[PDB]
Amino acid sequence: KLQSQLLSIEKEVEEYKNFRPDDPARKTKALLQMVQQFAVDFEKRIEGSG
Amino acid sequence: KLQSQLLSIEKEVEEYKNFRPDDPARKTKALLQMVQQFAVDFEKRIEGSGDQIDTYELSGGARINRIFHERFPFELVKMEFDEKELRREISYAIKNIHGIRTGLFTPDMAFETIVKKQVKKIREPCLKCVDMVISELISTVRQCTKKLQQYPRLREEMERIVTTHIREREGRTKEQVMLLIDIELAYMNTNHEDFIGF
Amino acid sequence: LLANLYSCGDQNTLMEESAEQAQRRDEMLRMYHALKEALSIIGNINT
């Protein structure tokens, strides 16, 4: 039961463990992933695809 | 004439006139465009999604794989089991199962021993079907990367990364296939669609 | 895929353009300016 729970946390905390308050590389890949998410989500809502 | 030419060229030269080689914003914008193009082209060939349909070929991954699942039934029927050796081993099995007793009803362990021998043969066509599908996927990935020619070192990297991933998934896919056959050997369920009563 | 590609080092060399594109965009800029001058001359002749 503990091992199952810890698997749902590793995927995310791997980003937090190396967190820095000033990391342009981290921000840049956060922007790109969020831009890609929006375009895919929007098209899905109106086109009806996926 | 001159007005039409300016309109056609204007949409692109609007960007070229502002070019600076030291522009991280352009490089990252180009990166997001190439990745979005690849993921749309890839899904098109496999899933059939989109309104750009190739009406000349077969779609590649979509219909080559769809047919691998209809060549595979052919592999499962090229077994050629010898009837005579079956009838001999059935006879010896019955007598040995009864053993020291004369026996009164037909034994069940004879039925279980014969089936287990034939079920063990299916492992070959199943591991072929996996290799065939891996090969087809690598092909479709190589077609999809033909659109990145204007960026060298990005056509190589995207090929390497998607190719490496598909290969590493081979191990886990084969283990599950093997396991699904062991499950078939482990227990003989005769309450299914079978000759009940006979 | 996008995060893997971005994380590789030397992003300035991953997205480098081929020499052909440097030629294509340089020519289109000259063609664009030349068309405007030609259309300017025609406007100043019709009068």
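Residues numbered from 1 in each chain as written, not as in the entry; some residues may be left out. Chains lettered and ligands numbered in written order. Part of a larger assembly, values for the part shown. Heavy atoms only, no water.

Method-wise, the PDB entry is recorded as coming from cryo-EM, at a reported resolution of 3.55 Å.

Peer 1: Help me understand unusual backbone geometry, please; the structure alone is not making it clear to me.
Peer 2: With the exception of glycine, the majority of residues adopt a negative phi angle, and the majority of peptide bonds are in the trans configuration. Of note in the backbone geometry, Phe198(B) takes a positive phi value of approximately 60° without being a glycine. Within the secondary structure layout, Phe198(B) lies in the segment after α7 (155–186). Phi at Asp10(C) takes a positive value of approximately 55°, unusual for a residue other than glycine. Counting through the fold element by element, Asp10(C) comes out in the loop between α1 (2–7) and α2 (11–14). (Helix = DSSP H or I, 4+ residues; strand = E, 2+ residues; numbered from the N terminus.)

Peer 1: Please explain the packing of aromatic side chains as it appears in this structure.
Peer 2: The geometry of an aromatic ring pair is captured by the separation of the ring centres together with the interplanar angle, meaning the angle of the planes. All names here are of chain B. Under the defined criterion, the tally for this structure stands at three aromatic pairs over all chains. Taking 6.1 Å as the distance between ring centres and 20° as the angle between the ring planes, the aromatic pair formed by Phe-38 and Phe-42 counts as stacked. Here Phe-38 and its partner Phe-42 are both found in helix α2 (residues 24–47), four residues apart, which amounts to about one turn of the helix. Here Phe-38 falls in the buried class, since its relative accessible area comes to 7%. (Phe/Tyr/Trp six-rings, centres within 6.5 Å; stacked < 30°, edge-to-face > 60°. Buried < 20%, exposed > 50% of the residue type's maximum accessible area, 1.4 Å probe, protein only.)

Peer 1: Is there a simple way to explain helix α5 (residues 109–119) of chain B in this structure?
Peer 2: Quick reminder: α-helices carry 3.6 residues per turn. Residues three or four places apart thus point the same way. Along α5(B), the residues that are buried comprise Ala110(B), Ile114(B) and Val119(B). The arc that holds every buried residue of α5(B), seen down its axis, measures 160°, which confines them to one face. (Arc of directions from axis to C-beta.)

Peer 1: What's the story with the packing of helix α3 (residues 61–75) of chain B against helix α6 (residues 123–144) of chain B in this structure? I'm lost.
Peer 2: Axes are the key here: two packed helices are described by the angle between their axes and the distance separating the axes. Residues and elements named next belong to chain B. Interaxial distance between α3 and α6 falls to 10 Å at its minimum, and their mutual angle equals 165°. Comparing their axes, α6 and α3 come out roughly antiparallel. Note on packing geometry: the crossing formed by α3 with α6 is right-handed. Residues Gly-61, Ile-64, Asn-65, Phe-68, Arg-71, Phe-72 and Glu-75 of α3 lie in contact with α6, whose contacting residues are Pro-125, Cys-126, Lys-128, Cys-129, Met-132, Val-133, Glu-136, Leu-137 and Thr-140. Looking at the contact of α3 with α6 residue by residue, the class counts come to nine nonpolar, three polar and four charged. (Axes fitted to C-alpha atoms, helices over the stretch in contact; angles between N-to-C directions. Parallel < 35°, antiparallel > 145°, perpendicular 65-115°, else oblique. Left-handed = near helix turned anticlockwise from the far one by under 90°. Contact = heavy atoms within 4.5 Å. Nonpolar A, V, L, I, M, F, W, Y, C, P; charged D, E, K, R; others polar.)

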